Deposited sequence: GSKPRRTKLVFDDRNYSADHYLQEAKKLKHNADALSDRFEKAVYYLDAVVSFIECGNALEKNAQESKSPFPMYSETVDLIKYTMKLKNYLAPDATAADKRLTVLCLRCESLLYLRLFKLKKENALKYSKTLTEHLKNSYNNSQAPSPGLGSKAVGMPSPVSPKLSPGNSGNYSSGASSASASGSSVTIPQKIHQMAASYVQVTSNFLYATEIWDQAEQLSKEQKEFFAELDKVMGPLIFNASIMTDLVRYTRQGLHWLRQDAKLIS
């Protein structure tokens, strides 16, 4: 009854995946039934992730995927606001689709982190030392028996460090969200894990996520369509 997708083992250009995802996103923009709207939005999201993955591993011309993954995260956030999973009459299809969306969003946040992760150790070093090194403007030292002044570069560095750290903070929270929600469709997702191999937080690559989500979408389609 359940069938596994035989996957296209070509590595097309990022432009090809971008056009594919735009076609799917506009199919979804046109549709009126929110569930099929959301299914096609997740299909487009998978193609967008493929476009970013191609921007990364394009052998003879590599560009940056960070805006791609970020805007795709925003697309997933929009998508989840159509068929709310915590709704009273929320079907099993809505819940499984939400779990797939959450997996995609968590892993995309994690990549967004890892694309700029090199800055954060550097910045943690120097920002820890300088934020023990800021004690001014309100109380002078008080020998015994408010507002704070910090250097400009320290401020910009703290801003960028928070910007980079928010990414895995969201990734961790959304991954735990996905884990928890998967308990209410444990059988569906145990079969999916058995067929595809489970998604690993810090290990699964974008192609693993693409194939896993496409398999889940295939089963969701057959259960409704």
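Trainee: Quick one: where does the model skip the deposited sequence?
Mentor: Comparing the full sequence with the modelled residues, the uncovered ranges come out as 1-4, 150-183, 264-266.
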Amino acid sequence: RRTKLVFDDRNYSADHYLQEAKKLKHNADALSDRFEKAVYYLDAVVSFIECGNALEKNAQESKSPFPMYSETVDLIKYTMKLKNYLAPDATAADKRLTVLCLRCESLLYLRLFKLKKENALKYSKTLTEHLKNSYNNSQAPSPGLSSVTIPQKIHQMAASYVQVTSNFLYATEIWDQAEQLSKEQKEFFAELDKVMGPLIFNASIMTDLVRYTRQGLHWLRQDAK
From here on, numbers count along this sequence of modelled residues.
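Trainee: Taking only the CA atoms, which stretch has the higher mean B-factor in the record, 67-75 or 84-92?
Mentor: According to the entry, 84-92 carries the higher average C-alpha B-factor.
Trainee: Given the B-factors recorded for C-alpha atoms, which segment has the greater mean, 212-220 or 19-27?
Mentor: So the stretch with the higher mean C-alpha B-factor is 19-27.
Trainee: Compare the CA B factors listed in the entry for 42, 171, 54, 195 and report the winner.
Mentor: Of the options given, 54 has the highest CA B-factor in the PDB entry.
Trainee: Ranking every modelled residue in this chain by its Cα temperature factor as given in the entry, which third contains residue 135?
Mentor: Its C-alpha B-factor belongs to the highest third of this chain's values.
Trainee: Residue 162's Cα B-factor: lowest, middle or highest third of the chain?
Mentor: Answer is middle: the recorded C-alpha B-factor places it there.
Trainee: Splitting the chain's C-alpha B-factors into thirds, which one does residue 36 fall into?
Mentor: As the PDB entry reports it, the C-alpha B-factor of residue 36 lands in the middle third of its chain.
Trainee: Thinking about Cα B factors across the chain, which third does residue 106 belong to?
Mentor: As the PDB entry reports it, the C-alpha B-factor of residue 106 lands in the lowest third of its chain.
Trainee: Going by what the PDB entry lists, where does residue 98 fall on CA B-factor within its chain: lowest, middle or highest third?
Mentor: Ranked within chain, residue 98 CA B lands in the lowest tercile.
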